[PDB]
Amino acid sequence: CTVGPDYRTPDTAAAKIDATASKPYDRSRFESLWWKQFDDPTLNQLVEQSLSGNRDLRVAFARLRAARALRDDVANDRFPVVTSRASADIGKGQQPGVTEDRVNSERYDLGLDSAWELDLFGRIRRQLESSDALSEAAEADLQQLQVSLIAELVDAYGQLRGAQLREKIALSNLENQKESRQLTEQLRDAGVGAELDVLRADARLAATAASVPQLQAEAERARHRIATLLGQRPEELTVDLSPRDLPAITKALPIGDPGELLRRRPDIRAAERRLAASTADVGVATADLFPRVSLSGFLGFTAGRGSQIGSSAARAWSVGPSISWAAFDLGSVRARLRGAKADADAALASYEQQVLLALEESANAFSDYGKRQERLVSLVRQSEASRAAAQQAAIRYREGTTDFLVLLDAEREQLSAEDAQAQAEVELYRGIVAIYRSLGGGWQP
């Protein structure tokens, strides 16, 4: 007999995300190794190294091992606990009721001690049920950490490429600006220009030059995040992170059925497991409303004289059946039961919150990614127009048919447009990461 509530997984409705029945997405398959679709061998090597080197991941494997070991101890409580012991009780004094003389008093015991709770109401079955569930929670915590780590690492590689891309855009615009500064000097020196043109050109050149070490600095913080995520020291990175293009995915994104997301996400499973364990804990406490039946035992040797221990004349056995019940202390048992009920309500609510946070993450990731595609189309147009404008403004300044401010302003806009477009490409890549993170991709799924 196993008292208290029988846990049932909640009847959690599947995710509905309408925005996913469109062209950017392929619901017909899900790609578990979602980062491989970027077709970037360097990224793939980063991820592989991270799975064997990351120290947080190592901690989580260890915690999983700890939880199994806890469970394994609790499972032995289903059986009698048979220990060994050699003891004595030696003294001199009165023996009240028997005599008022001070007599010597000796007793020796050697053998097996047995302690056994008969699990008639399932206190122990429930403890094991809880511990098994906490083991499964720990496995899910590990899987979630893997999902989180892969996403963080892929994202950081993106940021690194972004900084590299933007540095290259900044240096390229710096050269255009150097050419222009040089033209303002030439015109001024030939008597058909102005110091005012050279000054403004210098100021703009220095502004653009100032962005370079900023961008390099962000690249270096990203390289350094990557090294830690790999379990590697900053100066000991194995993998060559020299500049390459920001990866892209041109096929529609294999996102599977978004209805499956709540079943795929390990954080959801972890919190469901904790709910199951907490529900079993109600059982544990509920069992204390009923009597506790135990059976102690001794098998070995008992004697008044040490010499006899081990011999036939000292053979002994004893059996200690016991039934106890809280009786007038039932109020206390009820208080602990209320406590366990409260903890299980906490766990339920906490599970529900994770479900909601997960649906929120996915809804954001999909809404973002679609908008980021739209935005990019406009930014690409801005860049094209800007490049063309600055080209023409350069020709006109050179020829004497437009003021320097026209060229200055067109150059500012070209840089500003090309930079924003790159940032937006990085955003798109990061949005891909957020989608897969939110779907629970990357643990074996």
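Just count from 1 along the sequence shown to find any residue number.
Asks: Can you tell me whether 24-32 has a higher mean C-alpha B factor than 414-422 in this record, or the other way round?
Replies: Looking at the recorded C-alpha B-factors, 24-32 comes out higher on average.
Asks: I need to verify one thing: averaged over C-alpha atoms only, is the B-factor higher for 59-67 or for 393-401?
Replies: According to the PDB entry, the answer is 393-401.
Asks: What's the residue among 308, 144, 177, 214 with the greatest CA temperature factor in the PDB record?
Replies: Result of the comparison over 308, 144, 177, 214: 308.
Asks: Just the C-alpha B-factor column, please: which of 210, 249, 219, 348 has the biggest number?
Replies: Of 210, 249, 219, 348, 249 has the highest C-alpha B-factor.
Asks: Going by the entry, which third of its chain does the Cα temperature factor of residue 15 land in?
Replies: It falls in the top third of the chain.
Asks: Divide the modelled residues of the chain into thirds by Cα B-factor and specify which third, lowest, middle or highest, holds residue 126.
Replies: It falls in the middle third of the chain.
Asks: Can you tell me whether residue 194 has a C-alpha B-factor in the lowest, middle or highest third compared with the other modelled residues of the same chain?
Replies: Tercile = middle for this residue's CA B-factor.
Asks: Is the Cα B-factor recorded for residue 265 in the lowest, middle or highest third of its chain?
Replies: Ranked within chain, residue 265 CA B lands in the lowest tercile.
Asks: By its CA B factor, does residue 162 count among the lowest, middle or highest third of the modelled residues in the chain?
Replies: Answer is lowest: the recorded C-alpha B-factor places it there.
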